[PDB]
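These notes concern the structure reproduced below.
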Amino acid sequence: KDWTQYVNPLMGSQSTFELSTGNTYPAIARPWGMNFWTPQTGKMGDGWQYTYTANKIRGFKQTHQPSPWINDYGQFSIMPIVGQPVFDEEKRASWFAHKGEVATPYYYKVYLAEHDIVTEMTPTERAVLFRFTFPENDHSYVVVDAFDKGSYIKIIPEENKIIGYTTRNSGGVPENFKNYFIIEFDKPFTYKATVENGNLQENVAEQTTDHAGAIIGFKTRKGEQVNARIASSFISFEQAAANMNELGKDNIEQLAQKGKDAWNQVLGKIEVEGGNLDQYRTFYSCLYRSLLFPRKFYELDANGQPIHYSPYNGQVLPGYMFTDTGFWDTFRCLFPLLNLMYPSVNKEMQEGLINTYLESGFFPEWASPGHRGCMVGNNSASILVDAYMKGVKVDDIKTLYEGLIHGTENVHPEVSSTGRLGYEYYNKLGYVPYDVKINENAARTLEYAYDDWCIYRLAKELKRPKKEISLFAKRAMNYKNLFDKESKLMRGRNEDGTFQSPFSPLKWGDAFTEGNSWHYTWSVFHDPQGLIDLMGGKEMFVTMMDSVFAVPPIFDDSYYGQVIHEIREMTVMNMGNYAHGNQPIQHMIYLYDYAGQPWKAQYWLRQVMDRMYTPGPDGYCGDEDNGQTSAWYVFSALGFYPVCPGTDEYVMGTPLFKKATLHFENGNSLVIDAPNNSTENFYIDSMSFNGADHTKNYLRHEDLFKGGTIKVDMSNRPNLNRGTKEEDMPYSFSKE
Ligand SMILES: CO[C@H]1O[C@H](CO)[C@@H](O)[C@H](O)[C@@H]1S[C@H]1O[C@H](CO)[C@@H](O)[C@H](O)[C@@H]1O
Ligand SMILES: [Ca+2]
């Protein structure tokens with residue numbers, strides 16, 4: 001069975017600076033591929049490297065970029081042209097249309113209308129094959145563009161081969177960073193020139209300069225095909241040559257089938273049925289986007305063993321390494337999805353995280369490819385602990401624990417988002433104050449407290465001294481330090497203990513990150529009952545949640561000085577202040593379950609799934625963020641969500657399809673049967689798990705893994721009695 005047919009790599013490409021609809025590019029690649037490949041419509045250096053509304057492609061580009069904000073590294077490109085050998089990125093460009101383009105995850109084709117050239121590419125994990133179909137012409141060429149900021153190129157005509165390295169990056173690399181590439185053509189050069197800062201130099205073989213390039217050329221008959229085998233490495237030219245063997249001598253068709261098989265292997269772990277074509281495309285496009293980041297950053301030595309260039313200390317070292325993800329996004333449900341469906345893959349990643357700590361002194365929070373200053377929190381603790389508690393255990397648990405502890409009492413001197421900014425105040429006062437020059441203080445506080453609960457869980461598990469366990473149990477409860485009875489919301493607190501004024505729940509940024517108090521107050525993943533206890537009890541809590549949907553999207557943007565696209569995105573959706581692209585609020589709707597009204601979660605979750613995700617080029621409602629926003633739909637369409645990674649629980653929502661079958665790596669399968677599901681029947685009337693009544697608002701990891709059948713009776717009427725009982729409630733720390 002094929003699932004790739006439903007994957008649209010263009011979903012999210014119709015995005016602008018002012019309004020994101022995903023901010024993605026078409027990542028042509030193997031799952032978690034070390035090297036991605038994309039058509040490039042944007043000018044070199046532009047974070048918007050492919051936009052759906054662009055008229056012209058100016059190259060096909062090796063990319064590692066996780067987002068337009070973080071931008072790129074290890075990047076070079078190739079572009080076929082006819083006529084005059086031109087290097088200029090604008091002059092060599094070509095009109096195309098999407099009806100002349102075929103984008104799949106394993107294969108990409110496009111007709112370059114101004115050169116009368118067809119380009120096809122099929123990647124492997126670290127390499128890629130190009131096939132250019134040229135017209136009849138005496139002057140056909142291929143441009144290789146190593147990008148600027150210091151690059152290298154060398155044409156080796158005796159081998160029909162061009163090699164080089166690129167260094168242009170966006171920070172977070174060691175001084176010695178290079179991406180080494182090699183390109184072999186199957187047609188001999190008749191024309192050769194290197195390029196040095198815009199200057200065409202015929203028969204000069206070699207450049208070391210700010211912006212190196214090459215152009216090779218030959219004569220072509222009508223429809224003549226020319227193949228270019230390409231690979232790169234972060235280690236050496238010699239390792240690049242080894243990575244080339246991924247291609248063997250396979251042609252385009254062979255590699256397309258191998259890539260298609262690789263994707264079907266992981267896509268096929270979740271089979272959905274009884275939906276419409278929009279829902280199949282959204283679902284699988286989302287699952288595809290959830291299996292890309294963080295990318296492998298390791299390579300195979302002569303003995304088939306993992307080695308990697310360290311983006312942290314620039315040495316080449318043994319073992320696994322991954323990068324290009326920000327945990328502030330991906331701790332919520334992206335990594336949890338791997339612990340559920342692809343634990344053998346997260347095992348590699350977790351080993352990589354150990355190596356990151358050994359090589360840099362800290363666990364990463366945002367990495368691209370080394371430590372990068374972006375977002376907030378210490379959510380690596382969630383990543384690490386959720387995996388461990390789910391049976392994804394690193395070899396060296398002693399080092400893992402020391403790493404976590406180190407992170408609670410240090411901040412990276414160079415990257416303020418690595419480790420814990422403000423730990424000093426936080427350990428002493430139980431919160432990061434509002435008036436000590438540390439922005440996004442409330443957001444850091446709330447996530448630190450959750451992170452500290454995750455540490456608490458591991459400590460209790462590992463049988464650390466009571467003194468230690470107690471300390472993190474206490475810190476876990478630190479979120480209350482920022483709760484304001486007067487507003488019933490979280491609120492910046494000054495260093496002297498007074499709450500900040502004037503206070504406005506509608507002010508974005510400042511105390512919070514990417515949102516306002518209305519977005520961030522719900523960030524008590526590990527103790528929602530505790531929050532409910534603060535907000536006046538469960539009826540008052542539901543009232544507060546209900547009002548998020550009902551309050552006009554007015555905002556105060558003064559902290560940014562402009563309507564950043566996240567704000568705009570909130571306003572246009574007509575869902576009050578519920579901004580689904582806003583990560584901190586993505587679990588919020590599931591909180592209805594904890595206050596005993598799961599029918600409201602069922603209602604709103606279905607609104608979000610039906611309205612905030614579409615299958616087209618403008619498919620998301622905000623930034624996709626390396627799998628987080630897509631994985632949100634994968635879990636939600638299945639009917640549940642890891643509200644609190646670190647527990648074994650998924651909190652119930654409402655399933656989107658009539659049937660879903662999970663194929664676990666342990667060889668068990670789980671069918672989720674909801675035969676009466678429809679556009680109207682989005683309420684859960686009743687549920688059973690392998691014959692037994694199931695009125696609880698959560699499913700357990702260990703139960704799902706035993707496989708079997710969950711049956712869900714769907715209905716157009718809410719069941720006001722189901723799931724209202726204390727024994728029905730998911731985990732809350734204060735009830736432990
Ligand atoms: C500099 O760009 C960041 O901040 C501005 C506002 O200060 C935002 O408008 C912009 O979207 C990003 S935050 C953005 O990117 C992060 C890193 O890719 C990502 O983790 C976060 O979820 C968000 O999408
Ligand atoms: Ca985001």
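In the structure tokens, the first chain shown is A, the next is B, and so on; residue numbers restart at 1 for each chain, and ligands run from 1 in the order shown.
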
Kindly provide, as a ChimeraX atom specification, all nucleotide and amino acid residues lying within 7 Å of ligand 2, counting only C-alpha atoms and all ligand atoms.
/A:329,581-583,623-625

Set the cut-off to 9 Å, count only C-alpha atoms and all ligand atoms, and list whatever residues fall near ligand 1 as a ChimeraX atom specification.
-> /A:17-18,20,22-23,66-71,325-330,366,374-375,509,513-514,560,563-567,581-583,622-626,628

List every residue of range 172-269 of chain A that has an atom at most 10 Å from any atom of range 650-668 of chain A, and for each one report the closest atom pair and its distance in Å to one decimal, counting only C-alpha atoms, with rows sorted by chain and then by increasing residue number, as a Markdown table.
```
| residue | atom | partner | partner_atom | distance |
| --- | --- | --- | --- | --- |
| A:266 | CA | A:663 | CA | 9.8 |
| A:268 | CA | A:663 | CA | 8.1 |
| A:269 | CA | A:663 | CA | 4.9 |
```

Across A:532, A:670, A:226, A:545, the smallest distance to residue 706 in chain A, with only C-alpha atoms counted, is shown by A:670

Discussion item. Among range 161-293 of chain A, which ones does DSSP assign to alpha helix (DSSP H) (computed from the backbone)? Answer as a ChimeraX atom specification.
Written reply: /A:237-244,252-267,277-289

Limited to N, CA and C atoms, could you put the picked residues into a file as a tab-separated table (two decimals), in the first residue's frame?
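Done, and the output landed in out32.tsv:
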```
chain	number	residue	atom	x	y	z
A	237	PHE	N	36.55	15.26	2.70
A	237	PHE	CA	36.31	14.88	1.32
A	237	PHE	C	36.23	13.37	1.21
A	238	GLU	N	37.14	12.69	1.90
A	238	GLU	CA	37.19	11.24	1.90
A	238	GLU	C	35.89	10.63	2.48
A	239	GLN	N	35.40	11.19	3.59
A	239	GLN	CA	34.11	10.73	4.07
A	239	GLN	C	32.98	11.12	3.10
A	240	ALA	N	33.13	12.23	2.39
A	240	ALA	CA	32.09	12.55	1.43
A	240	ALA	C	32.04	11.48	0.34
A	241	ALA	N	33.22	11.06	-0.12
A	241	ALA	CA	33.32	10.00	-1.13
A	241	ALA	C	32.65	8.72	-0.62
A	242	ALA	N	32.82	8.38	0.65
A	242	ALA	CA	32.14	7.20	1.17
A	242	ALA	C	30.60	7.37	1.16
A	243	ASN	N	30.13	8.57	1.49
A	243	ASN	CA	28.69	8.83	1.52
A	243	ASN	C	28.09	8.70	0.13
A	244	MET	N	28.90	8.97	-0.88
A	244	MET	CA	28.49	8.78	-2.26
A	244	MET	C	27.97	7.36	-2.56
A	252	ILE	N	17.69	7.30	-11.48
A	252	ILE	CA	16.61	8.04	-10.84
A	252	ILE	C	15.47	7.11	-10.42
A	253	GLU	N	15.03	6.25	-11.33
A	253	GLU	CA	13.88	5.40	-11.03
A	253	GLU	C	14.16	4.49	-9.82
A	254	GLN	N	15.36	3.94	-9.78
A	254	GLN	CA	15.74	3.06	-8.68
A	254	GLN	C	15.73	3.78	-7.36
A	255	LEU	N	16.31	4.97	-7.33
A	255	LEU	CA	16.39	5.71	-6.07
A	255	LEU	C	15.04	6.24	-5.64
A	256	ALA	N	14.23	6.67	-6.60
A	256	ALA	CA	12.86	7.08	-6.27
A	256	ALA	C	12.11	5.93	-5.59
A	257	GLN	N	12.26	4.71	-6.09
A	257	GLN	CA	11.58	3.57	-5.47
A	257	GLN	C	12.15	3.31	-4.06
A	258	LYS	N	13.46	3.41	-3.93
A	258	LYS	CA	14.05	3.18	-2.61
A	258	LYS	C	13.59	4.24	-1.60
A	259	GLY	N	13.51	5.49	-2.02
A	259	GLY	CA	13.03	6.56	-1.14
A	259	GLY	C	11.56	6.39	-0.80
A	260	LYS	N	10.76	6.01	-1.81
A	260	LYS	CA	9.34	5.75	-1.63
A	260	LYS	C	9.09	4.61	-0.62
A	261	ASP	N	9.84	3.52	-0.77
A	261	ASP	CA	9.85	2.42	0.20
A	261	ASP	C	10.25	2.85	1.61
A	262	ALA	N	11.29	3.68	1.73
A	262	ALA	CA	11.73	4.17	3.05
A	262	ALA	C	10.64	5.01	3.73
A	263	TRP	N	10.05	5.94	2.99
A	263	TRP	CA	8.93	6.69	3.52
A	263	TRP	C	7.72	5.80	3.86
A	264	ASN	N	7.29	4.94	2.94
A	264	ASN	CA	6.19	4.04	3.25
A	264	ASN	C	6.45	3.21	4.51
A	265	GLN	N	7.69	2.80	4.71
A	265	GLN	CA	8.04	2.06	5.92
A	265	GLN	C	7.63	2.82	7.21
A	266	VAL	N	7.95	4.09	7.30
A	266	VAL	CA	7.57	4.84	8.49
A	266	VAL	C	6.15	5.44	8.42
A	267	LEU	N	5.74	5.95	7.27
A	267	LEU	CA	4.36	6.41	7.13
A	267	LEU	C	3.37	5.30	7.43
A	277	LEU	N	-10.33	12.78	1.22
A	277	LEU	CA	-9.01	13.00	0.64
A	277	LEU	C	-8.25	14.18	1.27
A	278	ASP	N	-8.96	15.26	1.63
A	278	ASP	CA	-8.31	16.36	2.37
A	278	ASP	C	-7.69	15.85	3.67
A	279	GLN	N	-8.41	14.99	4.38
A	279	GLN	CA	-7.93	14.54	5.68
A	279	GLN	C	-6.76	13.56	5.55
A	280	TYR	N	-6.77	12.69	4.54
A	280	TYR	CA	-5.62	11.82	4.24
A	280	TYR	C	-4.37	12.62	3.91
A	281	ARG	N	-4.53	13.69	3.12
A	281	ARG	CA	-3.38	14.53	2.74
A	281	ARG	C	-2.84	15.36	3.92
A	282	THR	N	-3.74	15.96	4.68
A	282	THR	CA	-3.29	16.68	5.87
A	282	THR	C	-2.56	15.74	6.80
A	283	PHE	N	-3.19	14.60	7.11
A	283	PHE	CA	-2.61	13.64	8.04
A	283	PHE	C	-1.21	13.18	7.63
A	284	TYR	N	-1.06	12.70	6.40
A	284	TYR	CA	0.23	12.17	5.97
A	284	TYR	C	1.28	13.25	5.66
A	285	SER	N	0.82	14.42	5.22
A	285	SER	CA	1.75	15.52	5.06
A	285	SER	C	2.28	15.86	6.45
A	286	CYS	N	1.39	15.82	7.45
A	286	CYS	CA	1.79	16.13	8.81
A	286	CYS	C	2.73	15.07	9.38
A	287	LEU	N	2.42	13.79	9.13
A	287	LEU	CA	3.31	12.71	9.56
A	287	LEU	C	4.67	12.83	8.86
A	288	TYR	N	4.68	13.15	7.56
A	288	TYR	CA	5.95	13.37	6.89
A	288	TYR	C	6.75	14.47	7.56
A	289	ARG	N	6.13	15.62	7.80
A	289	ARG	CA	6.83	16.71	8.46
A	289	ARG	C	7.29	16.38	9.89
```

**Item:** Residues near residue 447 in chain A, cut-off 12 Å, only C-alpha atoms, skip fewer than 4 positions along chain, as number ranges by chain
**Value:** A: 327-328, 331-332, 375-382, 420, 426, 431-432, 440-443, 451-454, 475-479, 482, 512-513, 520-526, 584, 644

| task | Using only C-alpha atoms, find the one residue out of A:15, A:167, A:494, A:220 that sits nearest to residue 139 in chain A. | result |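 Once distances to residue 139 in chain A are computed over only C-alpha atoms, the minimum belongs to A:220.
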
Exercise. Which neighbours of residue 55 in chain A fall inside 12 Å, counting only C-alpha atoms, when residues of the same chain fewer than 5 positions from it are skipped, and could you give them as a ChimeraX atom specification?
Worked result: /A:40-42,50,90,93-98,100,112-114

Please, could you write that set of residues out with N, CA and C atoms as an mmCIF file, in the first residue's frame?
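Result file follows (out_15.cif):
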```
data_model
loop_
_atom_site.group_PDB
_atom_site.id
_atom_site.type_symbol
_atom_site.label_atom_id
_atom_site.label_comp_id
_atom_site.auth_asym_id
_atom_site.auth_seq_id
_atom_site.Cartn_x
_atom_site.Cartn_y
_atom_site.Cartn_z
ATOM 1 N N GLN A 40 15.174 26.021 -5.124
ATOM 2 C CA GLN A 40 15.392 27.320 -4.450
ATOM 3 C C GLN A 40 14.834 28.446 -5.297
ATOM 4 N N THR A 41 13.808 29.126 -4.784
ATOM 5 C CA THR A 41 13.238 30.262 -5.484
ATOM 6 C C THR A 41 13.795 31.546 -4.869
ATOM 7 N N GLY A 42 14.194 31.487 -3.596
ATOM 8 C CA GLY A 42 14.691 32.706 -2.926
ATOM 9 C C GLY A 42 16.132 33.051 -3.260
ATOM 10 N N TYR A 50 12.114 28.820 -0.517
ATOM 11 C CA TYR A 50 11.132 28.394 -1.511
ATOM 12 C C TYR A 50 9.824 28.998 -1.081
ATOM 13 N N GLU A 90 20.474 35.603 -10.222
ATOM 14 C CA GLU A 90 19.328 36.177 -10.925
ATOM 15 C C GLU A 90 19.387 35.881 -12.431
ATOM 16 N N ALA A 93 18.480 32.299 -13.470
ATOM 17 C CA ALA A 93 17.171 31.832 -12.975
ATOM 18 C C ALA A 93 16.163 31.486 -14.078
ATOM 19 N N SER A 94 15.173 30.665 -13.752
ATOM 20 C CA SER A 94 14.160 30.286 -14.729
ATOM 21 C C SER A 94 12.730 30.266 -14.190
ATOM 22 N N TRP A 95 11.828 30.900 -14.934
ATOM 23 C CA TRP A 95 10.383 30.712 -14.777
ATOM 24 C C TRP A 95 10.057 29.225 -14.697
ATOM 25 N N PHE A 96 9.011 28.899 -13.943
ATOM 26 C CA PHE A 96 8.407 27.559 -13.913
ATOM 27 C C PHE A 96 6.999 27.782 -13.412
ATOM 28 N N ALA A 97 6.163 26.745 -13.464
ATOM 29 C CA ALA A 97 4.847 26.791 -12.842
ATOM 30 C C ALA A 97 4.641 25.488 -12.082
ATOM 31 N N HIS A 98 3.740 25.489 -11.107
ATOM 32 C CA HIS A 98 3.570 24.298 -10.280
ATOM 33 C C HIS A 98 2.946 23.131 -11.077
ATOM 34 N N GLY A 100 4.027 22.417 -13.860
ATOM 35 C CA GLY A 100 5.208 21.823 -14.480
ATOM 36 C C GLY A 100 6.146 21.229 -13.439
ATOM 37 N N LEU A 112 12.214 23.814 -16.141
ATOM 38 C CA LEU A 112 12.744 25.180 -16.180
ATOM 39 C C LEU A 112 12.437 25.782 -17.536
ATOM 40 N N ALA A 113 11.386 26.590 -17.557
ATOM 41 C CA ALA A 113 10.801 27.062 -18.799
ATOM 42 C C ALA A 113 11.746 27.933 -19.627
ATOM 43 N N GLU A 114 12.705 28.621 -19.017
ATOM 44 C CA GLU A 114 13.540 29.506 -19.847
ATOM 45 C C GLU A 114 14.786 28.821 -20.394
#
```

Counting only C-alpha atoms, the residue among A:733, A:457, A:558, A:6 that lies closest to residue 276 in chain A is A:6

* Excluding same-chain residues fewer than 2 positions from range 351-363 of chain A, what lies within 8 Å of it counting only C-alpha atoms, as a list in words? ->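 Here the answer would be residues 310, 312, 313, 319, 320, 321, 322, 347, 348, 349, 365, 380, 394, 395, 399, 400, 403, 404, 406, 407, 412, 418 and 419 of chain A.
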
Need the shell around residue 307 in chain A: protein/DNA/RNA residues with any atom at most 10 Å away, counting only C-alpha atoms. Skip same-chain ones fewer than 5 positions apart. Format as a PyMOL selection string? chain A and resi 235+297-301+316-321

A straight line from CA of residue 702 in chain A to CA of residue 630 in chain A spans 24.2 Å

Which residues are close to range 677-690 of chain A, i.e. within 6 Å by only C-alpha atoms, leaving aside same-chain residues fewer than 4 positions away? Reply as a count of residues only. 13

_Using DSSP secondary structure from the backbone, list all strand (DSSP E) positions within range 214-405 of chain A, as an NGL selection string._
:A and (214-220 or 224-233 or 270-273 or 295-296 or 299-300 or 306-309 or 316-318 or 322-323 or 325-326 or 366-367)
